[PDB]
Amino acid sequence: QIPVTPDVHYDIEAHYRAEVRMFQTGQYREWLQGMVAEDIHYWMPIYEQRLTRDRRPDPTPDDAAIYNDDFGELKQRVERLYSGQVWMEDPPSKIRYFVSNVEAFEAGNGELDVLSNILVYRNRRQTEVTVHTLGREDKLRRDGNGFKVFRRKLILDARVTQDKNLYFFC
């Protein structure tokens, strides 16, 4: 897989910066419409801790996952953070994303394979603070308005989640 040119790199980073702004400002409908393809698979597998001698395969979409969603399932998830009226989210919890190490590769047929590191800082109420780190593996399509994601795989670094929930998008 050939690394993208610096100008393509730029556009990919710009796209991810705008995606993060949508998340941070609660513009989830606009994100689904403008940034996510209708054939999306949005996937966060549960990885167990295994001995190195263990030859079992890595998790597939048929196995346990925290997220394993199509476009309609994402639309469903997004609406919770509208309308609430969800009392834990009155007022909305705060979230801030630090995306780093974006590397893209041309994948044929106009598509891109993109890796990135994500740090997510969350605050709510008076003193509640939680932090998550993840890898992201995307496939992006070019379209008439930039890029849309059609496959997103999120790899959590922590086996045991030190938070009340993982109810945020990446």
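In case it trips you up, residue 1 is the first one in the sequence shown, and so on.
- The mean Cα B-factor in the deposited entry runs higher for 50 to 58 than for the other of 50 to 58 and 132 to 140.
- Once the C-alpha B-factors are averaged per stretch, 78 to 86 and 92 to 100 rank with 78 to 86 first.
- Remark: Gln1 belongs to the highest third of its chain, ranked by C-alpha B-factor as recorded.
- In the PDB entry, a CA B factor belonging to the lowest third of its chain's modelled residues is recorded for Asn117.
- When all modelled residues of the chain are sorted by CA temperature factor, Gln126 is found within the lowest third.
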